[PDB]
Amino acid sequence: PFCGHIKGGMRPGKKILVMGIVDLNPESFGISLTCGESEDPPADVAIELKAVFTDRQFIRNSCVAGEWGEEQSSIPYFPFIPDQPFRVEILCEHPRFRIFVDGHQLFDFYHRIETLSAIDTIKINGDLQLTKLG
């Protein structure tokens with residue numbers, strides 16, 4: 001798995017760009033914004049985005065002190081295709097993240113972790129090749 005540092009953490013108006021290529025026979029991948037890079041014990045998770053290909057879900061949740069929140073799943077469509085490039089953009093606003101895939105807003109996620117400047121790590125894992133981070 002991969003960790004990228006976000007200098008200064010998140011703040012309103014800041015946008016994280018992730019581009020990659022989905023694997024040919026994917027099961028799932030994840031893109032998370034976390035408070036630090038620790039894997040053991042796991043850093044608190046401000047937002048995890050998990051693409052699950054078997055039932056075409058794009059699920060979101062947060063994790064604080066080991067406790068996951070309420071999973072959110074509403075989607076207009078499942079935006080990823082095996083073997084195809086994608087662009088995910090996470091826009092931070094004061095009340096919420098807004099998530100865009102290939103330029104289109106898919107959903108918002110209202111902050112559970114409200115110390116946005118502590119959200120200083122992007123973690124990427126699973127059945128993709130990561131091609132750009134910005």
# chains A, B, ... in the order shown; residues from 1 in each chain; ligands from 1
>>> residues_around(residues="stretch 20-22 of chain A", least_positions_apart="2", cutoff="8 Å", atoms="only C-alpha atoms", output="number ranges by chain")
A: 18, 24, 26, 80-87, 127-132
>>> atom_distance(atom1="atom CA of residue A:11", atom2="atom CA of residue A:32")
15.9 Å
>>> residues_around(residues="residue A:43", least_positions_apart="4", cutoff="10 Å", atoms="only C-alpha atoms", output="PyMOL selection string")
chain A and resi 33-39+63-66+119+121
>>> select_by_dssp(residues="stretch 50-93 of chain A", states="strand (DSSP E or B)", output="tab-separated table (two decimals) with N, CA and C atoms, in the first residue's frame")
chain	number	residue	atom	x	y	z
A	50	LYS	N	-14.15	3.15	-0.89
A	50	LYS	CA	-13.88	1.77	-1.26
A	50	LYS	C	-14.74	1.40	-2.45
A	51	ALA	N	-14.10	1.10	-3.57
A	51	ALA	CA	-14.77	0.62	-4.77
A	51	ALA	C	-14.81	-0.90	-4.71
A	52	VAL	N	-16.02	-1.48	-4.79
A	52	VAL	CA	-16.18	-2.93	-4.74
A	52	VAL	C	-16.81	-3.36	-6.06
A	57	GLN	N	-20.37	-1.22	-5.86
A	57	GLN	CA	-20.60	-0.29	-4.78
A	57	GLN	C	-19.41	0.66	-4.67
A	58	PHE	N	-19.67	1.87	-4.23
A	58	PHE	CA	-18.61	2.83	-3.94
A	58	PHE	C	-18.96	3.37	-2.56
A	59	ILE	N	-18.40	2.72	-1.53
A	59	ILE	CA	-18.82	2.92	-0.15
A	59	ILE	C	-17.84	3.81	0.58
A	60	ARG	N	-18.34	4.56	1.54
A	60	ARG	CA	-17.59	5.60	2.26
A	60	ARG	C	-17.83	5.42	3.74
A	61	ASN	N	-16.79	5.65	4.54
A	61	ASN	CA	-16.92	5.60	5.99
A	61	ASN	C	-15.72	6.30	6.61
A	62	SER	N	-15.79	6.47	7.93
A	62	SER	CA	-14.73	7.08	8.73
A	62	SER	C	-14.44	6.14	9.89
A	63	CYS	N	-13.28	6.32	10.52
A	63	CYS	CA	-12.89	5.44	11.61
A	63	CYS	C	-12.12	6.26	12.63
A	64	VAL	N	-12.59	6.26	13.88
A	64	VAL	CA	-11.95	7.01	14.95
A	64	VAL	C	-11.76	6.06	16.12
A	67	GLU	N	-13.26	2.60	15.83
A	67	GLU	CA	-14.69	2.45	15.62
A	67	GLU	C	-15.08	3.04	14.27
A	68	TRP	N	-15.58	2.19	13.38
A	68	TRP	CA	-16.13	2.67	12.12
A	68	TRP	C	-17.49	3.31	12.33
A	72	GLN	N	-21.85	4.80	4.17
A	72	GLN	CA	-22.66	5.52	3.20
A	72	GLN	C	-22.40	4.95	1.81
A	85	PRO	N	-8.63	3.86	-17.33
A	85	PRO	CA	-8.19	4.96	-16.46
A	85	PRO	C	-9.35	5.62	-15.76
A	86	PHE	N	-9.05	6.21	-14.61
A	86	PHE	CA	-10.00	7.01	-13.87
A	86	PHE	C	-9.30	8.20	-13.22
A	87	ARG	N	-10.11	9.20	-12.88
A	87	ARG	CA	-9.69	10.39	-12.14
A	87	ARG	C	-10.65	10.56	-10.97
A	88	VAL	N	-10.13	10.56	-9.75
A	88	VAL	CA	-10.91	10.87	-8.55
A	88	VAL	C	-10.40	12.19	-8.00
A	89	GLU	N	-11.30	13.11	-7.69
A	89	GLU	CA	-10.95	14.37	-7.04
A	89	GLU	C	-11.76	14.49	-5.78
A	90	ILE	N	-11.10	14.80	-4.68
A	90	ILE	CA	-11.74	15.00	-3.39
A	90	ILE	C	-11.57	16.47	-3.05
A	91	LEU	N	-12.67	17.21	-3.03
A	91	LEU	CA	-12.67	18.62	-2.70
A	91	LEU	C	-13.09	18.79	-1.25
A	92	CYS	N	-12.26	19.47	-0.48
A	92	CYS	CA	-12.59	19.75	0.90
A	92	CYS	C	-13.32	21.08	1.00
>>> atom_distance(atom1="atom CA of residue A:44", atom2="atom CA of residue A:113")
8.7 Å
>>> residues_around(residues="residue A:97", least_positions_apart="4", cutoff="12 Å", atoms="only C-alpha atoms", output="PyMOL selection string")
chain A and resi 10-16+33+46-49+60-61+89-93+105-114+116
>>> closest_residue(among="A:134, A:4, A:30, A:79", to="residue A:122", atoms="only C-alpha atoms")
A:4
>>> closest_residue(among="A:124, A:133, A:45, A:99", to="residue A:69", atoms="only C-alpha atoms")
A:45
>>> atom_distance(atom1="atom CA of residue A:17", atom2="atom CA of residue A:77")
20.3 Å
